[PDB]
**Q** 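Before I ask anything, here is the structure I am working with.
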Amino acid sequence: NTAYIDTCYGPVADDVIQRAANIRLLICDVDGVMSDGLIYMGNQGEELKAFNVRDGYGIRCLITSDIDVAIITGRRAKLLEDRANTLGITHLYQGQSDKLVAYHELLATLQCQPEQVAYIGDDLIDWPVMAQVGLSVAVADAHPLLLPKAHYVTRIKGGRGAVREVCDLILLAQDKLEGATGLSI
Amino acid sequence: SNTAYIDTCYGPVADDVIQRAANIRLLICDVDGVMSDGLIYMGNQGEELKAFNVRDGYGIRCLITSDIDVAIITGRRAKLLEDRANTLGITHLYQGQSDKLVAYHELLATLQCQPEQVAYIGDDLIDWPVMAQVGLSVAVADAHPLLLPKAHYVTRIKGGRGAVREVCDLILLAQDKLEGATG
Amino acid sequence: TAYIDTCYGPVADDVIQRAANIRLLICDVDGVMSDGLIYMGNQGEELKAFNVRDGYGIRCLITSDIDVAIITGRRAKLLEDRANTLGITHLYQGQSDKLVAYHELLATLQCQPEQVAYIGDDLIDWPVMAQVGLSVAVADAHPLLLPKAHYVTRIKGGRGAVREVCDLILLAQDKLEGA
Amino acid sequence: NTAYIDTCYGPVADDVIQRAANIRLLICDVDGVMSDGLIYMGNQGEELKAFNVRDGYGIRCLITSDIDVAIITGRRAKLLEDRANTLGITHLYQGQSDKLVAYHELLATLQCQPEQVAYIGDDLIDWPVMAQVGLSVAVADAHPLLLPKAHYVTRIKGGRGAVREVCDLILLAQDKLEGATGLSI
Ligand SMILES: [Cl-]
Ligand SMILES: [Cl-]
Ligand SMILES: [Cl-]
């Protein structure tokens, strides 16, 4: 007889709400989480990535509500530094093959406990970190093997507002949703 | 209850909604998630792209040529949007607006429109302060879940896929101007 | 009504017969060869996305002695490039009244209206579609256009709706297997 | 009474599993397989193609598991050489009008039997090669006429992780899935 709470994305288990209430740091993977997993490449070496505006708003709400937001990704691109800058994200880790290193560095840097960390991932590479945190999240269309492992599976797909969904959940859990705002720096 | 509905090419529409659309003299659109899918394309050399829908363009032209004003209010700022606005003949463009109510009040004052004569299409919470005040508030099909139950009308078509066109068509139909409209 | 099975599902015998007479395929661009999106950038860049399977269908028609033309209201050099990569030599851009180009194609190619197929996605395409042998609306064309066409594709614009019509025409003309 | 094996993508026939167990070389077509079939063209002659990071991880898993990966396409673009370089793919054939020419070179140079080859296609142009291999694969949204011809039809659409799905199947079939390692690029 699990207890659930209605949210604007559907019912969420009380255990998940309780985990979300302790979050002081949200860590996000990029490709497949903030985007639908696509990398656009051109003939003169151009590269584009598509980000979702609604996720941006969620990220700003967290940051303005004293909840740190960090990024850990295996890829490396100037465009992501630009994106992080527009969102006010100062903790960006690119070109990371082993995500635990960046994760442990964040814990020490921010003097945060693992139970105070939420992590949104989409592939197996994310699991070693997700296995240790207070709130592990797999996006709706994450690799099938990651889905049953996470504390929460988002209703929204990667690149369509899965990050916003987790931002909304964390703020709801901490009774900060009604008053939160996400204006730019 | 027993609500009356009018059949439209997008499905049944409440009579209440048809009456609201019948009085529209100004359509205000948010951009990201309304005229687009909600995505921003960013590149390594600082390039930025946004994708607009051709079908929306046609609808906007039908409104403008039918003496129905169209305006854009957005918190973002990009030359690409000035370009898009120009191609559509939109002369009421407001970018970098953190408080959308400022631009909204200026438009009503300058265009001599009453709030009941204004329609607004949004996709997120920042659009609600303006939507709360207008005659026809519209949330796109895939708008943030919290906005959906608040709007007078929710489009069947998703943001960036013709949700703007759908509203343009609804307004024209409600005013007996759908047939004969050119865009 | 008699239906004939196709790799896209049953097609009415009436449509197969119409397809069998086609000598010219005319396509609109936005919403037909693409999903209706136009990408715009801050330095004035513009992109449009085309479907590779559609390209193959077009080449099959051209090599099977069936002409392929394009009539669009927009104008962009990117479209000239696409047309050229497909071997399309009949391209009409910046066309406000699509009937003008249509009547010109009939003359240039000494073609009859019943020998023309037209794939559209919006109301501006109807004046021409109303007059041809095989009018086609893409799966996700404007709702008002859908019930007016002789055939509605199962595949959406930009996802292979053009290839579908190409396959249908060739099937009807016993030219599919050898294409 | 066909026997099936449950995979993270759903049941897979025992016949397909046995075919996947013998694979030493995976050949991929590009457009509609590694991408959703779209070509982006610009007014200044720019050209872009979008690849999926989930597929990159699968390819790296194959290569690091001593399973070769090759690409054969009729198109030609510098962007594809760039994508192949990022994935460590060294067997790249572009502008190939007759795909069988490249296919025969690969088997000869790699000392690989047709039965040891898997090929992922999306259109009729791919059939001459698929007809000859041990594991022919059509992506979920491949041209309708190719679907009934392949040994296996992927659950995932072109450009959304159909390649990854095949990489996972081959590894599972060879008991190398759990130990597989790759990078989300
Ligand atoms: Cl944003
Ligand atoms: Cl337009
Ligand atoms: Cl092509």
Side-chain angles (χ1 to χ4, degrees), chain A residues 28-50 71-77 79-80 93-100 102 120-130 138-150 153 157-160, chain D residues 6-10 30 34-36 38-42 44-58 60-61 64 75-87 94 155-161 163-165 167-169 171-172 177-185:
Chain A
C28 302
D29 178 31
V30 174
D31 301 297
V33 169
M34 294 189 177
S35 73
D36 66 352
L38 301 187
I39 304 298
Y40 293 79
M41 301 176 62
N43 290 326
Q44 285 297 326
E46 309 82 330
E47 178 184 344
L48 299 174
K49 199 187 305 296
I71 293 174
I72 302 179
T73 178
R75 288 186 61 93
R76 180 185 306 281
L79 71 86
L80 182 59
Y93 294 86
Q94 303 201 75
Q96 305 296 128
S97 59
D98 179 1
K99 300 188 177 184
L100 290 173
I120 314 177
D122 80 315
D123 205 352
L124 305 183
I125 192 62
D126 302 306
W127 180 250
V129 179
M130 291 170 63
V139 297
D141 56 350
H143 187 277
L145 292 170
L146 191 66
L147 299 174
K149 293 184 180 176
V153 174
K157 294 177 185 288
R160 302 309 311 164
Chain D
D6 193 9
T7 75
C8 60
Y9 302 92
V30 180
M34 290 183 172
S35 74
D36 67 347
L38 299 182
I39 302 303
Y40 293 78
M41 299 179 64
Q44 281 69 56
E46 319 87 300
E47 174 184 349
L48 306 175
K49 196 187 309 300
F51 303 97
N52 197 300
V53 302
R54 186 166 306 172
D55 291 330
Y57 181 89
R60 294 306 304 164
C61 286
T64 60
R75 290 187 60 89
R76 185 184 300 276
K78 175 62 188 308
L79 69 87
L80 183 58
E81 305 180 55
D82 291 349
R83 177 59 176 172
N85 292 338
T86 64
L87 298 179
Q94 304 197 71
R155 274 52 175 246
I156 307 299
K157 297 176 179 180
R160 303 296 160 180
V163 177
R164 172 62 172 277
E165 175 175 352
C167 296
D168 289 338
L169 176 68
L171 293 169
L172 173 60
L177 187 56
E178 300 183 20
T181 185
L183 295 176
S184 186
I185 55 179

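The figures that follow rest on heavy atoms only: side chains count, while hydrogens, waters and symmetry mates do not. So that the names make sense, note that chain A is the first sequence line, chain B the second, and so on, each numbered from 1.
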**Q** Look at D:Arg54 together with A:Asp31 and state whether they make a salt bridge at an N to O cut-off of under 4.0 Å.
**A**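 Here D:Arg54 does not pair with A:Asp31 in a salt bridge, since their nearest N and O are not under 4.0 Å apart.
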
**Q** Counting neighbours of NZ on D:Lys157 that are heavy atoms of other residues, nucleotides or ligands and sit closer than 6.0 Å, is the number greater than 12?
**A**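 Incorrect, the count does not exceed 12.
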
**Q** Can we say D:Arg160 and A:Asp141 salt-bridge, meaning some charged N sits less than 4.0 Å from an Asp/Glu carboxylate O?
**A**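 No salt bridge links D:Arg160 with A:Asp141.
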
**Q** When only pairs under 4.5 Å are counted, which of D:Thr181, D:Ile185, D:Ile156 shares the most heavy-atom pairs with chain A?
**A**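 Of the options given, most contacts go to D:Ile185.
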
**Q** Compare every heavy atom of D:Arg83 with every heavy atom of A:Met41, then report the nearest pair and how far apart it is.
**A**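 So the minimum-distance heavy-atom pair works out to CE-N, 3.5 Å.
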
**Q** For D:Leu48 and A:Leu48, work out which heavy atoms get closest and say how close.
**A**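 So the two residues come closest at CD1-CD1, 3.8 Å.
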
**Q** What is the distance from atom CG of D:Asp36 to atom CG of A:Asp36, rounded to the nearest 0.5 Å?
**A**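 If we round to the nearest 0.5 Å, D:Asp36:CG and A:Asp36:CG are 9.0 Å apart.
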
**Q** Of all heavy-atom pairs between D:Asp82 and A:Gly45, which one has the smallest distance, and what is that distance?
**A**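 Where D:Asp82 meets A:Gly45 most closely, the heavy atoms are OD2-CA, 4.2 Å.
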
**Q** Please classify the contact of D:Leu183 with chain A as side chain, backbone, both or neither, using a heavy-atom distance under 4.5 Å.
**A**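 Only the side chain of D:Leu183 comes within 4.5 Å of chain A.
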
**Q** Highest number of heavy-atom pairs under 4.5 Å with chain A: which of D:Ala77, D:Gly42, D:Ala50?
**A**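 Looking at each of D:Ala77, D:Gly42, D:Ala50 in turn, D:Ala50 comes out on top.
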
**Q** Nearest 0.5 Å please: distance from the OG atom of D:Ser184 over to the NZ atom of A:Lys99.
**A**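 Atom-to-atom, D:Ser184:OG and A:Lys99:NZ are 6.5 Å apart.
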
**Q** Would you give the length of the straight line joining atom OG1 of D:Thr86 to atom CD1 of A:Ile39, rounded to the nearest 0.5 angstrom?
**A**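 Taking OG1 in D:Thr86 and CD1 in A:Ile39, the distance rounds to 9.0 Å.
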
**Q** Working to the nearest 0.5 angstrom, can you tell me the gap between A:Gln44 CD and D:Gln44 CD?
**A**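 If I round to the nearest 0.5 Å, the distance is 13.0 Å.
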
**Q** Distance from A:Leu145 atom CG to D:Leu177 atom CG, nearest 0.5 Å?
**A**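 Result: 6.5 Å between the selected atoms.
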
**Q** Calculate, to the nearest 0.5 Å, the distance between atoms OH and CD1 belonging to D:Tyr57 and A:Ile125 respectively.
**A**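 One gets 5.5 Å once the value is rounded to the nearest 0.5 Å.
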
**Q** Ignoring hydrogens, what is the shortest heavy-atom contact between A:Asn43 and D:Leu79? Give both atom names and the distance.
**A**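 Closest heavy-atom pair between A:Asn43 and D:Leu79: OD1-N, 2.9 Å.
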
**Q** On a heavy-atom basis, which atom in A:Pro144 and which in D:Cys8 lie closest, and how many Å separate them?
**A**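 Nearest heavy atoms, A:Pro144 then D:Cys8: CB-O, 3.4 Å.
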
